[PDB]
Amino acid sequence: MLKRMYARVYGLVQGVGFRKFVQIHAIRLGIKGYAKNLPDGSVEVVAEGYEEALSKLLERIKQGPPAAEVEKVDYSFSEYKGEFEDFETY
């Protein structure tokens, strides 16, 4: 089943390779969407893909690359919209 996920990642998560980390792992998993740095120092992820793939990505996002310290991930699933054609960072 396809689903959409919105997640916010908090901690030491900017300037540590986090968005690229999410992208690499999303692409591996066939997930489309984006990882964005927000002005509050958090990372916003919108992801579309299969439920299992989204669970695997969530497990990655909860850890981050070695340099990151992820304190909190707040997320929700919603209905798939077929919006994205690739996984981008910005």
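The first residue of the sequence shown is number 1, and the count goes up from there.
Asks: As stated in the PDB record, which stretch has the larger average Cα B-factor, 1-9 or 79-87?
Replies: Per the deposited B-factors, the answer is 79-87.
Asks: Taking the mean of the C-alpha B-factors per stretch from the entry, tell me the winner out of 62-70 and 15-23.
Replies: For C-alpha atoms only, the mean B-factor is higher in 62-70.
Asks: If you rank every modelled residue in this chain by C-alpha B factor, which third holds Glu48: lowest, middle or highest?
Replies: For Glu48, the deposited C-alpha B-factor lands in the middle third.
Asks: By the recorded C-alpha temperature factor, relative to the other modelled residues in its chain, which third is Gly33 in?
Replies: Its C-alpha B-factor belongs to the lowest third of this chain's values.
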